[PDB]
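Only one chain is included here, represented as C-alpha cells and corresponding to the form deposited in one PDB entry.
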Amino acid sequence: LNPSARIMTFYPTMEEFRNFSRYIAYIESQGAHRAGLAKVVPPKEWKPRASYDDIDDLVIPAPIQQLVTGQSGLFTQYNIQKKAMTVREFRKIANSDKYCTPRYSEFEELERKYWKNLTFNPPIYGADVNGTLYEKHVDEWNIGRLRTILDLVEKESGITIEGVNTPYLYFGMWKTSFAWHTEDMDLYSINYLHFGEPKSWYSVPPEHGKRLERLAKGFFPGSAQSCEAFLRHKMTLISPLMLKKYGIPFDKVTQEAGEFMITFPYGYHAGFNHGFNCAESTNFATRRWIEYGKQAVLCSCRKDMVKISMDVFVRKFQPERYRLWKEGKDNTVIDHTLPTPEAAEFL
C-alpha cells in the first residue's frame, strides 16, 4: 500500500464527507498517512461560507515580516512582529509591484524563483489570526469543531490552546513561508484554503522523519545543543535540492483554493504561498495519535510552548498500558505504516 509514500488525493461524495473522523480513517486504510500529507477535494456542492468580500473589518493583530538568512539550500527565518493591519492593507502590499507574485509559466518556474529569491524583499505574513471563516450552520469538516478525541483536552481539563484546539487564519502573499516542522505534540492538522493563490507543500514521510532531524542537527550544531527539538521553532528552511542531495525522500504538492490538506502524526512539512490567499487551520487527533503524543520530543529551550498532558488519553484508550506507562516502562515502538484502529472497518 502506497510503497513510495507518495502524497495521495481524495474525492469524497457528500455522503462520505459528513463523517470527518471516519473519512480520516478511510484515507489511512488506503495508506495516505505514509506520505505525511494528503489532499482532500470536497464535494462540488459544499461551501463553508456564502462569500468572502465582506472582509477587512477583520484585523490581523500581529503580522510578521519574514527575514530569511542563508545560502546553498539552508536558511533560517526570523519573524519580526509588525503593527496590526487590515486585510485591505495586506492585499495592497501583496499586489504592489515590489511585493506581488512574479509572472511565470509552470509551477517549476515559480518554485525556482522562490528558492532563488527567498532572502530578498521580505514579505509580510498575516499568520496566527484567531478566528474562523466558516458559517455557524456548516456541519461538514468544520475546522472550528471537528469533534475528534482531541476534544478531551478542552472538555476534560478545560484548557484551550490557540491554533491547536481552536481555528487559526493565515493571510498569505507571494513567498511567505512555513518552515520544516511537525505539529505540536506530533498531532494531525487540517488546512483549508479559503480563497486566493495556491499554497505549495513539501513533505517527508514519517518513516523518514528521523533522517531529516539528523540532517538538521548536522547543519545547525549550535541549535541542537540549545534545544532538543529546535525544528519546533519553525525557523528552519531546507530546499528540495538539499533534501535530494542528502537522500531524504520527500514529495511535493500544490493546494489550490477550495482544497483541504491533511498532515499526519510525525509528518514533517514546509512550503510557501503563491500569492494573496487565506487558509484556515487547526490540529486534531485519532487513536493512533496517542502513542505519538506520548513519544513527542518537545522544545526544551523556550517556555510556553505547547504541551498536552497525555494522562487522560492513556487511561481511557490504552487501559492495558496505563500502569506500564505511569512507571515509565512502556517501550512501544511506533510503526509509521500502521493505519489507525478505526480503519479496521475498511481493512
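Each residue number is its position in the shown sequence, starting from 1.
The stretch with the higher mean CA B factor, choosing between 273 to 281 and 94 to 102, is 94 to 102. A summary of the deposited B-factors shows that, of 321 to 329 and 9 to 17, the stretch with the larger mean C-alpha value is 321 to 329. Out of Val164, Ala229, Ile80, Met261, it is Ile80 whose C-alpha atom has the highest B-factor in the PDB entry. Across the residues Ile27, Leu37, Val40, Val314, the deposited record lists the maximum Cα B factor for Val314. Looking at the C-alpha B-factors along this chain, the one for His33 belongs to the lowest third. In the deposited entry, the Cα temperature factor of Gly293 places it in the middle third of its chain's modelled residues.
Sorting the modelled residues of the chain by their CA temperature factor places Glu183 in the lowest third. When all modelled residues of the chain are sorted by CA temperature factor, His233 is found within the lowest third. The PDB entry assigns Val204 a C-alpha temperature factor belonging to the lowest third of its chain's modelled residues.
There is another form of this protein, the form solved in complex with a partner chain, and it is not shown here; the text below is about that form.
A residue is said to contact a partner when one of its heavy atoms sits within 4.5 Å of a partner heavy atom; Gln255 fails this definition for its partner chain in the deposited complex, lying far away. Under a 4.5 angstroms non-hydrogen atom cutoff, its partner chain in the deposited complex lacks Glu108 among its neighbouring residues. Within this chain, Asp128 lines the site of its partner chain in the deposited complex, having a heavy atom no more than 4.5 Å away. Interface residue remark: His233 is counted as part of the site for its partner chain in the deposited complex, having a heavy atom within 4.5 Å. Although the partner is absent from the chain shown here, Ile64, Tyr168 and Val306 each have a heavy atom within 4.5 Å of its partner chain in the deposited complex. Residue-level contacts in the deposited complex: of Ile161, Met242, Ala216, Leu146, one residue has a heavy atom within 4.5 Å of its partner chain, and it is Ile161. Only one of 233 to 241, 100 to 108, 202 to 210, 270 to 278 places residue heavy atoms within 4.5 angstroms of its partner chain in the deposited complex, namely 233 to 241.
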